[PDB]
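For this one, two forms of the same chain are given in structure tokens, first as structure 1 and then as structure 2.
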Structure 1
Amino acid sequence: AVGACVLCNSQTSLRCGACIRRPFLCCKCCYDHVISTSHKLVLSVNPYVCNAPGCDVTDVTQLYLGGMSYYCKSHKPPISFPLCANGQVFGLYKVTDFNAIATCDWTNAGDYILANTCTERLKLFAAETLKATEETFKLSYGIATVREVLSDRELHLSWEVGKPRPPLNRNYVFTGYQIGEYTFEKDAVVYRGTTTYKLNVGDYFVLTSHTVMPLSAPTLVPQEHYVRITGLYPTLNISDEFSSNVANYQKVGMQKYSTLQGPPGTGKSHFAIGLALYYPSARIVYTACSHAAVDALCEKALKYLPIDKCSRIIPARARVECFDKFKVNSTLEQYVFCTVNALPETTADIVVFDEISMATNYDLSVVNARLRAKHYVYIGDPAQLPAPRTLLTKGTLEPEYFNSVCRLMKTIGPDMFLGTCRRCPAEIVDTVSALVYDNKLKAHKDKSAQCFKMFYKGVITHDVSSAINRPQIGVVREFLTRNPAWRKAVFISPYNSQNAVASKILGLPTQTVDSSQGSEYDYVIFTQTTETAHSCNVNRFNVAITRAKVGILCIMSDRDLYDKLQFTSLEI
């Protein structure tokens, strides 16, 4: 129990017994915590509890030191000293924000705002506390035992009574029993088991509650600016392809860490891989939270970098199918592509952390702890979607509060900005540029004249909380008959249930706005479904319409976002 204070690093025997993470608190700051919160249990080698037999006094403000032992007001000897006095809690080696992080339930937006505006040590305390809270919340759900196997992709479930049911969507990954991880979608239920094992009747699934490890490394290392490119060796033979990024690659070598805001289709993956061509001797570790983001970096590297110097790091618990074209699990390769949670303990000349809006401060810290690099590059877009915060139910999380990197990008601005969108028709670029990019995003493509909008509220039904709008899907069906080229479109909506219905009625491939992030398609059909805060969220709206390379049909519910759309309006 010998440690350093989470608020002023002073060595202490004291560690708050009422905090879920039991943080070490020094004498002077353990006091401010206990005297202004419900937290009154103080721990040491021997905790602060009345030593008298059968006494239940554990509140440090009601305890005293009687020689070498502790007692309450009823058991103390005449020569005793209160543990709480003169703004201190008695201990060896003798705050409003810390109190809020230590006591909050993580269901309010203001809890995440604070977890991002506090000191660096408090950012790690908040991240550790939040993740531990998110995990103890998984224990708080109902178990599902298999009743009958219908076919190879459909089954029927019997749920635990008296305990709430977790959301049936592609946002909750169960763990069957040890039959591998399983997922569920909209009595006919759809089963997506990662391991192809015939779901035996009787076997059960349970949500993967994993232990929350302590954070040590900061979310962002201290920033250093250099006068020359440091530890990196540039090429004078850089292909014209990557010529536009030379000044930004140099900026990368002249700073400890750099932020790159790249709107959709502005060249983030091209920049990340071109940085390897600009410093061809540099060992680069490419990291992101999801397997999809790591795989998209692998795809771009396959085109520009030598395959024998690349390696895809895949964990022993190989959860889903990922990139198969690099030598698997060779940690020593010049180019290492691996997700944040599977990162080995290694060093690099550059670490590239892609899709930074999806990172949490927990992820940021983990990367700083497993990777010791000369340079760190954070690539993403605060105008895109953040990681879902399962506990957050009240208020909206603004982009400046997604993580430490997003906070910098939204407050001081990003170090580098990719200003030309090359993917989208100009109608889409013009709309999102004005919506979330302060008119700084430019279109490379001309208008496609294939970007349409229809204002149609329809009828909103629900499958628990996931929404469905059958009339909006009906309008899409009518549109498809009159527009056969749209037969190849991807159907996108903010709700899994809407997508399940559209898959059956339209036969189009389906994506939620959140799973479409990072992907692109020629044609996109978007139904807004509802006018909720979820479906009207400007970041989600931005991701949704920026998936299209050629055309987009938007069936809207919200007048505001419909009027912003610089698309041709349709009637019916």
Structure 2
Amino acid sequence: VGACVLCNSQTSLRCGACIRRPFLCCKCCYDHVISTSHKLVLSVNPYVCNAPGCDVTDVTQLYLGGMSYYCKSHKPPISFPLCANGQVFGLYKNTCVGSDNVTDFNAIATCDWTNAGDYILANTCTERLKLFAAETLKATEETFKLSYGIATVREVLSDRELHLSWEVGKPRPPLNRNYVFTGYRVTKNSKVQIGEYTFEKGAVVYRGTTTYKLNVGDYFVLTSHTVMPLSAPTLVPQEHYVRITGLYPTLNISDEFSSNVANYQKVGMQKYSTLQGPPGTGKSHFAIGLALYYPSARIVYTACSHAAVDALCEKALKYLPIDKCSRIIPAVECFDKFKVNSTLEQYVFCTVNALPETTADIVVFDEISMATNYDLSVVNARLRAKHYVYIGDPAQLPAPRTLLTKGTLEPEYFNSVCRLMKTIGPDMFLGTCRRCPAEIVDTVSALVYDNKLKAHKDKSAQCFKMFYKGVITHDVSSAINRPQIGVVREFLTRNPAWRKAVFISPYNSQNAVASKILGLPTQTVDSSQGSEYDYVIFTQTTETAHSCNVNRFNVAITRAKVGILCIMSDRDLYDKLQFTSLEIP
């Protein structure tokens, strides 16, 4: 027994064809089965033909004959159909409202999640459908991983380099850090974990969580977890207050955090507040400073990634009593300078998926662009807070959507929070970029920030751009532009200072060919988000949707504190680069 995701109408029916098996009310369960291919229906039992060796599952072709269900061919003489009269048969057959349109829930229930429009709907549908869609997407996502073949150690060529044999009659996953494997050791009568791993083309390079002497027979699968059901909404009901509520401001604050005193007061005067923090504007400085502004407040710092949480912990280590902080870790190496798993500690740093059930004076959810509506719902379920601050930048990168191929996901569709910031604007905005040369702040202020992002630093005069299409080669899942790496080799021989630069591209395979030919450290834009470097060399590689994504580009070029070279494929963003142009050797 449960709740009709459309009506809430109390009901004993779940769709057996929906991977999430939602509860549907007689009305909604009927409207769902007759308007889609979904015809298997689950109650306290499954509406299937309880006849010996009959394959009728379709609820529309079944009849209750006694207390046992039958199809047309096997039914007793006295039987009523299970699915007739605009209602399918179960408990609470008198309480049932329905809907004027079921169209949205059917699309959510049946879509394969390869179309942008599926994520658009999943973020514009009603709130109860946002949860249903978030479960349905995550389950489809965790299931699709199984469709990938096992990879098995055939030969250990060296250390940090392997030879994989792949399971036949299944595809192979892309070999980039968006796909994290788990190895296994062959035992008597089962298998034990041997740390998580990532792979890249040779043979294959592997960068594993723990070190080992792993040998032939050891195999690797993308570990897929059980998706729980969602209960809490993605945003609580908003409340605007006339005073600061349940928080006691400090009388004496430091000139380090004085630029955020107004914003900290705003945080105390609504239920939840959004903070758009562009690159190097001080998101973690803001987040930690909130604590010194509300000294007595209990604050739970949360984010999706361990990395994001650890950065909050690093910044905390510089400003808050260590004794009053705790890092929550479930039984991957993360921050280990606070007492571990101390829920009742005043300052709790913890990833979303590890959050305990607890209350807090304030909740800070950082790197919000990366959150999915799944995470939003989970936080609201685990954490009851007086205030919720959502810090990120809808102009930066979202969580990768492995299943998406048709259309681009716009920042208004990343999650409920990014939706507010791109529709009604953010509550709070960090308007000064302390990190980047002015050429780069001017470029992205125009590109994605409506000219409201100001440069602290002056022009570096070390920001360069070249228009070179070069020659694009494709491997199994990635792109390579060798002449663009050529041009960078030639730039480095004329400008050897730039050999302290990080290499950035939108493709791990470009990065691999760059590492070998140049010896610069490499990042993908996506792995580069949240990091800074004095000098950045960026090769666009292609003109794709992927390599022209304005949010990727915003992250690529805001990594530089001092100078950047951008080798561009796209005439569009090349022209939007307020950089010294350079001709081709």
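Residue positions are counted from 1 along structure 1's sequence. Note that the rigid core is defined as the largest set of C-alphas that superpose within 1.5 Å between two forms.
- If you fit the rigid core between structures 1 and 2, you'll see the Cα of residue 247 move by less than 2 angstroms.
- The Cα position of residue 28 differs by 2 Å or more between structures 1 and 2 after fitting on the rigid core.
- Interdomain rotation between structures 1 and 2 (smaller rigid part relative to larger, C-alpha based, rounded to whole degrees) is 10°.
- Core superposition places the Cα of residue 330 2.3 Å apart between structures 1 and 2.
- In the rigid-core superposition between structures 1 and 2, residue position residue 76 carries a C-alpha shift of 6.0 Å.
- Fit the two forms on the rigid core and the C-alpha of residue 347 turns out 1.5 Å off between structures 1 and 2.
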